[PDB]
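Structural overview
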Amino acid sequence: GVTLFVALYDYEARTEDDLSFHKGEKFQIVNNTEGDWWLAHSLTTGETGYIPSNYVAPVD
């Protein structure tokens, strides 16, 4: 199946294409073949945008 990710820390977006998120928010990753910033889809807001991959961990 799929592997979801959870935010380890809060993050405030500083560009048009990044997401702001809170610790504990969950994501489905859309693309992670593009560097350490991953295109992700928030399960809270339904938005898609970049997140810093070191701010999340795989959900067990």
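As documented in the archive entry, the model was determined using X-ray crystallography at 0.9400 Å resolution.

What to know about the overall build of the chain
Each helix and strand counted, the chain has 0 helices and 5 strands in total. Along its sequence from the N terminus, the chain presents helices and strands in the succession β-β-β-β-β. Computed over C-alpha atoms, the radius of gyration of the chain comes to 10 Å, within 12% of the 10 Å expected from 2.2 N^0.38 for 60 residues, which places it in the range of a compact globule. For the chain, the C-alpha atoms occupy an extent of roughly 30 × 25 × 20 Å along the three principal directions. Considering only contacts in the chain between residues 6 or more positions apart, those separated by 24 or more positions represent 35%.

Side note on the nonpolar core
If you look at the biggest cluster of nonpolar residues, it comprises 11 residues: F5, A7, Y11, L19, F21, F27, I29, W38, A40, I51 and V56. Elements with a minimum of two residues in this core: β1 (4-7), β2 (26-31) and β3 (37-42). Apart from the residues lying within four places of it in its own chain, the contact partners of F27 are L4, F5, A7, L19, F21, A40, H41, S42, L43, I51 and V56.

Digging into the side chain of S42
Here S42 lies in strand β3. The residues contacting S42, other than those within four sequence positions of it, are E25, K26, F27 and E47.

Notes on the pairing of β3
Burial along β3 is one-sided: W38, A40 and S42 are buried, and none of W37, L39 and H41, which face the opposite way, are. Across 4 bridges, the pairing between β2 and β3 is antiparallel. In the sheet register, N31 faces β3, and the bridge partner there is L39. Between β2 and β3, which follow one another and run antiparallel, lie 5 residues, and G35 among them has a positive phi close to 115 degrees. Summarising the sheet, β3 and strand β4 (residues 48-52) pair through 5 bridges and their orientation is antiparallel. Residue pairing across strands places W38 opposite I51, the latter belonging to β4. Linkage of β3 to β4, two consecutive antiparallel strands, is achieved through a turn of 5 residues, within which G46 is found at a positive phi near 75 degrees.

Conventions we followed
- Residues numbered from 1 in each chain as written, not as in the entry; some residues may be left out.
- Heavy atoms only, no water.
- Residues with missing side-chain atoms left out of burial classes, pairs and counts.
- Helix = DSSP H or I, 4+ residues; strand = E, 2+ residues; numbered from the N terminus.
- Rg over C-alpha atoms; globule rule 2.2 N^0.38 Å.
- Contact = heavy atoms within 4.5 Å.
- Core = buried A, V, L, I, M, F, W, Y, C linked by side-chain atoms within 4.5 Å.
- Buried < 20%, exposed > 50% of the residue type's maximum accessible area, 1.4 Å probe, protein only.
- Pairing = 2+ DSSP bridges.

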